[PDB]
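Chemist: Attaching a single structure in structure tokens format; questions to follow.
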Amino acid sequence: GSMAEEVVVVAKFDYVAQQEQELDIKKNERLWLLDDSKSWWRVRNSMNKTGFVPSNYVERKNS
């Protein structure tokens, strides 16, 4: 296949999601950021699911 870089962010701490209706993120794991215009960010993880995540556990990449 191929591994090219996307509009990606990174997680700071582990955050378990309630259901796949939400977004589950892992510590230091990279997520895909869609909407960053509100309190809870709209991201997609490696689990190809999408939802909202807490800004205390997730942040934009510094790189």
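Within each chain, counting starts at residue 1; across the structure tokens, chains are named A, B, ... in the order shown, with ligands numbered 1 upward in that order.
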Residues near residue 17 of chain A, anyone? I mean within 10 Å using only C-alpha atoms, not counting same-chain ones fewer than 6 positions away, as a PyMOL selection string.

Modeler: chain A and resi 23-25+51-53

Chemist: Quick check for you: according to DSSP on this backbone, which residues of chain A are classed as strand (DSSP E or B)? Reply as an NGL selection string.

Modeler: :A and (8-11 or 15 or 25 or 30-35 or 41-44 or 50-53 or 58-60)

Chemist: From the options A:22, A:42, A:1, A:7, which residue's atoms come nearest to residue 58 of chain A, counting only C-alpha atoms?

Modeler: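 When distances to residue 58 of chain A are compared using only C-alpha atoms, the smallest one comes from A:42.
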
Chemist: Do you know which residues are at most 12 Å from residue 8 of chain A counting only C-alpha atoms, after dropping those on the same chain fewer than 2 positions away, and could you put them as an mmCIF file with N, CA and C atoms, in the first residue's frame?

Modeler:
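So result-v3.cif came out as:
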data_model
loop_
_atom_site.group_PDB
_atom_site.id
_atom_site.type_symbol
_atom_site.label_atom_id
_atom_site.label_comp_id
_atom_site.auth_asym_id
_atom_site.auth_seq_id
_atom_site.Cartn_x
_atom_site.Cartn_y
_atom_site.Cartn_z
ATOM 1 N N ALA A 4 1.429 7.769 3.503
ATOM 2 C CA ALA A 4 1.682 9.189 3.341
ATOM 3 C C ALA A 4 1.063 9.952 4.502
ATOM 4 N N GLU A 5 1.528 11.169 4.730
ATOM 5 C CA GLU A 5 1.093 11.936 5.886
ATOM 6 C C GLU A 5 -0.175 12.721 5.581
ATOM 7 N N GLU A 6 -1.035 12.817 6.583
ATOM 8 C CA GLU A 6 -2.330 13.473 6.447
ATOM 9 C C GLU A 6 -2.407 14.662 7.397
ATOM 10 N N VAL A 10 -1.895 14.446 17.532
ATOM 11 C CA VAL A 10 -1.336 13.432 18.411
ATOM 12 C C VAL A 10 -2.005 13.474 19.786
ATOM 13 N N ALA A 11 -2.169 12.313 20.389
ATOM 14 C CA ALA A 11 -2.772 12.216 21.698
ATOM 15 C C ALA A 11 -1.729 12.371 22.795
ATOM 16 N N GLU A 29 -0.623 8.567 20.590
ATOM 17 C CA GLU A 29 -1.058 8.013 19.318
ATOM 18 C C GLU A 29 -1.534 9.130 18.404
ATOM 19 N N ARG A 30 -1.347 8.941 17.115
ATOM 20 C CA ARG A 30 -1.689 9.956 16.136
ATOM 21 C C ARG A 30 -3.142 9.815 15.692
ATOM 22 N N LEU A 31 -3.863 10.923 15.670
ATOM 23 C CA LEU A 31 -5.244 10.910 15.211
ATOM 24 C C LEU A 31 -5.401 11.838 14.012
ATOM 25 N N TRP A 32 -6.507 11.711 13.310
ATOM 26 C CA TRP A 32 -6.790 12.560 12.162
ATOM 27 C C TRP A 32 -7.798 13.628 12.548
ATOM 28 N N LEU A 33 -7.446 14.886 12.338
ATOM 29 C CA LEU A 33 -8.265 15.988 12.821
ATOM 30 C C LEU A 33 -9.121 16.584 11.714
ATOM 31 N N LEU A 34 -10.420 16.673 11.976
ATOM 32 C CA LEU A 34 -11.354 17.246 11.021
ATOM 33 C C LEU A 34 -11.838 18.608 11.503
ATOM 34 N N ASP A 35 -12.496 18.622 12.657
ATOM 35 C CA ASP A 35 -13.029 19.858 13.221
ATOM 36 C C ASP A 35 -12.349 20.186 14.541
ATOM 37 N N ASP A 36 -11.749 21.362 14.605
ATOM 38 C CA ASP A 36 -11.078 21.824 15.811
ATOM 39 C C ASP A 36 -11.655 23.169 16.240
ATOM 40 N N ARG A 42 -13.193 16.991 16.728
ATOM 41 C CA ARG A 42 -13.729 15.939 15.885
ATOM 42 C C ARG A 42 -12.594 15.260 15.138
ATOM 43 N N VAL A 43 -12.284 14.040 15.540
ATOM 44 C CA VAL A 43 -11.148 13.324 14.981
ATOM 45 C C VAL A 43 -11.510 11.911 14.562
ATOM 46 N N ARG A 44 -10.620 11.323 13.785
ATOM 47 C CA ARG A 44 -10.708 9.931 13.402
ATOM 48 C C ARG A 44 -9.414 9.234 13.789
ATOM 49 N N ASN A 45 -9.535 8.043 14.340
ATOM 50 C CA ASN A 45 -8.373 7.275 14.783
ATOM 51 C C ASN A 45 -7.999 6.190 13.775
ATOM 52 N N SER A 46 -7.026 5.361 14.153
ATOM 53 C CA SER A 46 -6.583 4.240 13.327
ATOM 54 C C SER A 46 -7.679 3.178 13.213
ATOM 55 N N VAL A 58 -5.975 15.227 24.102
ATOM 56 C CA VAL A 58 -5.509 15.312 22.722
ATOM 57 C C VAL A 58 -5.080 16.735 22.376
ATOM 58 N N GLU A 59 -4.092 16.857 21.495
ATOM 59 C CA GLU A 59 -3.598 18.159 21.050
ATOM 60 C C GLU A 59 -3.114 18.070 19.609
ATOM 61 N N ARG A 60 -2.887 19.218 18.980
ATOM 62 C CA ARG A 60 -2.327 19.228 17.637
ATOM 63 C C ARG A 60 -0.853 18.865 17.705
ATOM 64 N N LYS A 61 -0.336 18.309 16.624
ATOM 65 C CA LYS A 61 1.074 17.975 16.549
ATOM 66 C C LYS A 61 1.919 19.247 16.509
ATOM 67 N N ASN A 62 3.072 19.204 17.152
ATOM 68 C CA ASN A 62 3.984 20.340 17.167
ATOM 69 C C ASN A 62 4.942 20.238 15.994
ATOM 70 N N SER A 63 5.008 19.053 15.419
ATOM 71 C CA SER A 63 5.836 18.825 14.259
ATOM 72 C C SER A 63 5.014 18.991 12.983
#

Chemist: Using only C-alpha atoms, which residue out of A:54, A:20, A:3, A:26 lies closest to residue 40 of chain A?

Modeler: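 When distances to residue 40 of chain A are compared using only C-alpha atoms, the smallest one comes from A:54.
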